[PDB]
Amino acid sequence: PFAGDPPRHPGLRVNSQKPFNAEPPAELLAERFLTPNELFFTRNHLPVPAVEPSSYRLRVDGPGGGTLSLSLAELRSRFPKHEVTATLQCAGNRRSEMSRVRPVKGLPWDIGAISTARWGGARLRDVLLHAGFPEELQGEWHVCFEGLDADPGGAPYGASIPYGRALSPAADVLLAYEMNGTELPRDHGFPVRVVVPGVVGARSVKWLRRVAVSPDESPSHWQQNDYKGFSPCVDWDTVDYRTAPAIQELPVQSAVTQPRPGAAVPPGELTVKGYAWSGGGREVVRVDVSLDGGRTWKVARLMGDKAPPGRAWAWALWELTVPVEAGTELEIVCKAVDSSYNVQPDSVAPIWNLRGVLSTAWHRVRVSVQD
């Protein structure tokens, strides 16, 4: 089934080959603000579709039973191209930290199941208004997405977002056909993927074949029975996915990319660097950094341009240059605060869950200073 999959950069840390899942090494992760296409993390549940672009058609089911069938050419020409810089973070980012507390079910991601790119495409809003849908519906409606990738029986990958997000101009939801100025790579949804800014990676459906408006959420296995958070007391014999909401917006998150665990850094000065981000378009307003395991803190410098309010879809790269004394031991910890003053919890055990998702307790890195 995976014979036709695309070639991938080797540098990427591969945690699953069939289907292909891989993350960039931490030492490359936050070198640039936009993550290069060949190192942007990859999460595939199924074999990668091989799509011929000229015959490709996007099906959008119209409001009274009609159907709109869009070629790539129309998707590009009929709707004004919008570009949005947005970070995708997988729900399982930093899963490994949670697994060490107690084994979980999921891909063993470290801190790199997150990448940033400048996306371009048709606004989902413009496409749905074109198909005949109104700006607002009575009650709770959803927009469902289906991919061209399918399981043995033929069930495709699928997901949904609330209709209000789909139709909001400010939410900047795209039917993306460009990534960092080039056509979408195969691994990243060629020819067309959904990009949902501020929202968990799982809803940004790749190799999009269909868009439908429904009174209910997508019935996909990954919408109904995956990507939810549970109490740490829940285990496999008690988990009941009907008791929790689908992950949409994500909580505030941060990690240290430099230095790396085990490093013996030279004395004098040390530049600690990392990334921080929060869901829902909430900007990172402060990143606190400790060198003594969280007893004392210093304020990092936030690199990057401010985005408009509520539209902070891209991560904040941060740094802190600090003097270091030969022979000393450092425990580097980071924590970020967002625009609603949400914060990261101290520890992992109270936020533990059986699938190892929503891992946002403070990141901790042990290094020493060369004698």
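Numbers for residues come from their place in the sequence shown, where the first is 1.
Between 206-214 and 148-156, the higher mean Cα B-factor belongs to 148-156.
When the C-alpha B-factors of 196-204 and 102-110 are averaged, 102-110 comes out higher. The entry lists C-alpha B-factors for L317, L330, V343, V333, and the highest of these is at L330.
Considering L88, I247, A263, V252 together, the PDB entry gives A263 the largest C-alpha B factor. When the modelled residues of the chain are ordered by their C-alpha B factor, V337 lands in the lowest third.
Annotation for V367: C-alpha temperature factor in the middle third relative to the rest of the modelled chain, per the entry. When the modelled residues of the chain are ordered by C-alpha B-factor, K228 sits in the lowest third. Ranked by Cα temperature factor within the chain, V357 sits in the lowest third according to the deposited record. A349: CA B factor in the lowest third of modelled residues in this chain (values from the PDB entry).
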